[PDB]
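Here you get one chain, nothing else, as structure tokens; it is the form deposited in one PDB entry.
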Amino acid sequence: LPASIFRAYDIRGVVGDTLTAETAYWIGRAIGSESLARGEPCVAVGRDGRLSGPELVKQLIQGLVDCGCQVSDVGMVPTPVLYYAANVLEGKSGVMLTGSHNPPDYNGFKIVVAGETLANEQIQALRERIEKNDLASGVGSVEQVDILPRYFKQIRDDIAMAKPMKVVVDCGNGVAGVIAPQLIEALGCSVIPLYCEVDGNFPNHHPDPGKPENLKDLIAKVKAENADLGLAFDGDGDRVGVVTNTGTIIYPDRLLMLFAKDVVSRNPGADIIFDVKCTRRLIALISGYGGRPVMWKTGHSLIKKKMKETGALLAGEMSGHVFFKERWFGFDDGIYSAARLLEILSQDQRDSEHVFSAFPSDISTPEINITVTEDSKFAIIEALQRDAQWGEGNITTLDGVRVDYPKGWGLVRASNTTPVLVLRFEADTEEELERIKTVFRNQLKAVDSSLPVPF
């Protein structure tokens, strides 16, 4: 197996190129062996609506079975529904066969062993098990398990909408179309579906609500139908995008402001986690409500680990991953988060635009990307962490370098999916935004004067 598919948060391949049926078998063997090493013979297995799903999942299942594992086959489900399985069934282990928000040929594996979502050296450990042949051998089993109807009822019975709402739902031809418009309707909503047919070809737009062009269709539909809200889901349903009645894109860091208020009001002193890509305004808002704001690393697995470590009741990422522990299980779930958004918005007399514009805004840049190399990106960060001068600010190095100034903040960190440096800037003024960009541009040039800085 190529070593590049083994990533910080999970396993990510290109089927035919870097991922084959055989490697999915061996990944299955490795995961069963880790589960058994942690005392867990029971593993749930789910797959998204990708074309290579049926081919690779039988291989994954066979790998696990060949360890002596008792496999619970949940079939085709959103990612969070797999996580739900590994919470409500016998076992605390689970593998999701998905290629997230990526183009059709991509697939991969999100992995939970004995309650813990694997990351960093644990993903690598799986690869090393195969190379070493440190693998269990046994005669496992496979039980068919229809889990979706139970997930559905779990949400419906806990969500209490105060008024009817009309919602455009965009599933981008991903697997959220298996449940999202159905469930949202059951909550007491009228749903206008967009691209809700599961088609692994993605003939319309890539199922990636993180990009604004993938929300064009949703925004027009909201306005055209006088819908109260628009919602978008990514390929596997662990990310949510939010649009207002007037077509305003609500980024997940401002979405997390509304949730934090909500969660913290029933839970004084609750720890609330956000990633380093999120507005500094979250810190203030969380503290304002008597919450404890915990800034952490980008990446779903790192966040979930952080939640168990801190006992946080809620977490959010700038990518669209939102993790509810309160009234839930603590995994990222775009579908459950949507449900929590709708409950809160239905309890208010104002429209979604005005609910969200009540909160403070700063001049914000879009996430910036500089392509470097896989063998340079961490070294650039380390050089910046060793050598860089930022002036007066609060310097955070937990993930790249973030510096919070009184009137804004800048960030630079290495992606864990691509050979890129990821940057973000926020400020009160254009003047201050430029000052911070110039600070960061000069620190990057000082590490490598040939670095292409587009700010």
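The numbering used is simple: start at 1 and walk along the sequence shown. Only the largest set of C-alpha atoms that superpose within 1.5 Å between the two forms is called the rigid core.
There is another form of the same protein, the form deposited in another entry; it is not shown, and what comes next is about it.
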Completion exercise
Shifting its Cα by 2 Å or more between this form and the one not shown with the rigid core aligned, the only one of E213, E374, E309, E121 is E374
Exercise for the section: Tell me, please, whether between this form and the one not shown the C-alpha of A21 is shifted by 2 Å or more, with the rigid core used for superposition. Expected result: no
Practice task
Look at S52 and decide if its Cα position differs by 2 Å or more between this form and the one not shown after superposing on the rigid core.
Solution key: no
Practice task
For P419, state whether the C-alpha moves by 2 Å or more between this form and the one not shown after rigid core superposition.
Solution key: yes
